[PDB]
């Protein structure tokens, strides 16, 4: 989880900072330290949904939850999460989760991938937040989605220099980890 500089060198930049972490209390700290989006990604669904619930009770706005299963995303949505991140690995099963969430009426579906063509298809199928996952020079994926017309492009990297370049290429959400 990031060095103290990553978060510091980004708080300078209509850009939003997303903060990802395994337990909610450092997520809550981030919420008042200025973080715009709090990503719950603990894979214990009991603990995960309880972190969503506590963040809603704490008043945190823009709670996000990440999963490969739309049913878990729908439950987190019901318990307070506003941004539902479909974690893509099997692309066809990934796009179907977006389609099902859209059928359920979700309005802030996100999609996490390393391939701009994959994100482009997810965007057409219902995903509004497209997450370029850089875990090389992936900021190039950002430039292509930018050209295709996507309005909310996010970027995740461990390194603030990469986050900055992605911002310069059109990313509006920069994803940092504790």
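Residue numbers count along the first chain shown, from 1.
Deposited sequence between residue 135 and residue 136: 1 to 3 residues lack coordinates.
Coordinates are given for every residue of the deposited sequence from residue 159 through residue 160, so that no gap is recorded there. For the segment pair 75-83 and 93-101, the entry gives 93-101 the higher mean B-factor, averaged over Cα atoms. With 32-40 and 58-66 compared on mean CA B-factor from the PDB entry, the stretch scoring higher is 32-40.
In the PDB entry, the Cα temperature factor peaks, among 121, 26, 115, 143, at 26.
Residue 173: CA B factor in the lowest third of modelled residues in this chain (values from the PDB entry).
Among the modelled residues of its chain, residue 154 has a C-alpha B-factor that falls in the lowest third, as given in the PDB entry.
Sort the chain's modelled residues by C-alpha temperature factor and residue 14 lands in the highest third, per the entry.
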